[PDB]
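A.B. asks: let's see this in three dimensions:
(chains A and B)
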Amino acid sequence: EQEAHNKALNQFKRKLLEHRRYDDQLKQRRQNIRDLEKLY
Amino acid sequence: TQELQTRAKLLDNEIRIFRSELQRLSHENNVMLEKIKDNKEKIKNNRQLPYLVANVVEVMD
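C.D. replies: Numbering: from 1, shown residues only, chains lettered A, B, ... in the order given. Have a look at this structure:
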């Protein structure tokens, strides 16, 4: 938009946001494998 | 504009390693879930009828 480093940054923001769905999925699956260890 | 271009190139390598770690826990959590089913189908056969009925003298622990 303003810059062609501000057009490369609208797509970097998406990646940053995604990094937020890969941090909640790794802390979930380690919290779910300890709950399946008490059930095994 | 030099800090946000090196910041953005830190989320390309950081998200590439976090996808590899999460693919290992997906394959692993399918192997564990079949160990709980395994035990339980055995446990389902003994649980159903018929079974004697008795009372607890003591729990000695």
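A.B. asks: near chain A, which residues of chain B?
C.D. replies: B:1, B:4-5, B:7-8, B:11-12, B:14-15, B:18-19, B:21-22, B:25-26, B:28-29, B:32-33, B:35-36, B:39 (CB under 8 Å from any CB of the partner chain). Bear in mind the C-beta positions are built from the backbone N, C-alpha and C, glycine included.
A.B. asks: mind checking which of these are buried?
C.D. replies: Buried members of those, scored by 16 or more other CB atoms under 10 Å in any protein chain shown, are B:8, B:18.
A.B. asks: what ranges does chain A have for its helices?
C.D. replies: Ranges of helices in chain A, per DSSP state H, are A:10-39.
A.B. asks: within range of chain B, give me the residues from it.
C.D. replies: A:3, A:5, A:8-9, A:12, A:15-16, A:18-19, A:22-23, A:25-26, A:29-30, A:32-33, A:36-37, A:39-40.
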